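Below, in structure tokens: the form deposited in one PDB entry, a single chain.
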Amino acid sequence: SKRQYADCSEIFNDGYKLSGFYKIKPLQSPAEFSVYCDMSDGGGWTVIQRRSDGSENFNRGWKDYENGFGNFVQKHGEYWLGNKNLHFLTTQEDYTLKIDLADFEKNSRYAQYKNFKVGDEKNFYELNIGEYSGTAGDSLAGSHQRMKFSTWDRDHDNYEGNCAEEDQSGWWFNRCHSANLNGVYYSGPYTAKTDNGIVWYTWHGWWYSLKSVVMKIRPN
């Protein structure tokens, strides 16, 4: 006789108002897992990805991105929740995605997308996003195309080479000059053979890497 919570909004609505790591288990997820719950923006945000200081290596393969990786104890650690957990999370409810972005110049923006859904493994964790809102600009647009997740070892992009092999990261890739929040952690402006930093091109360039990123979700 144990109690399980489907996501962070159920935790917040049940009276837990403190931000931090909690155990949740989406309905069809076979096992519970630790997740960061951000309770500060009206409460009940389940953090699915975080970028903070460049500590974690995001240049991983398919199964690493499938299972999740990174730090799950530190308040400001970096992690990727995991594509299978993303699927189980988003399939149990209709969710809004919020992306909080910050600068190396004390500035912040955000983007919000309705109807955030990640498909199952057989469909390559396809990304579904709805209408855009916010202040960062919509960098996930080029009703959006339905793109599949790609890693260096599993190429599912619309580019001839391997997008994920060049950006050293997994993402829902289309053509590698789009936004990528799992890119290499640089300090603002950066130089390389490709734009493989953490980019939100509507706000900063394709050659300015952001300071912190928080991708979180909450029911609709």
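So that there is no doubt, residue numbering starts at 1 and follows the sequence shown. Only residues modelled in both forms are compared. We call the rigid core whatever largest set of C-alpha positions still superposes within 1.5 Å between the two forms.
A second form of this protein, the form deposited in another entry, is not displayed here; the remarks below concern that form.
In the core-aligned comparison between this form and the one not shown, the C-alpha of 166 is the only one from 56, 166, 32, 153 that shifts by 2 Å or more. Relative to the superposed core, residue 193 shifts its CA atom by less than 2 Å between this form and the one not shown.
In a rigid-core overlay of the protein, residue 176 has its C-alpha displaced by at least 2 Å between this form and the one not shown.
In the other form, the Cα positions of residue 172 and residue 158 lie at least 3 Å farther from each other than in the form displayed.
Note: the CA-CA distance for residue 159 and residue 111 expands in the other form relative to this form, by 3 angstroms or more. Look at the core-aligned forms between this form and the one not shown and you find runs of 3 or more residues with C-alpha shifts of 2 angstroms or more at 156 to 167, 174 to 178.
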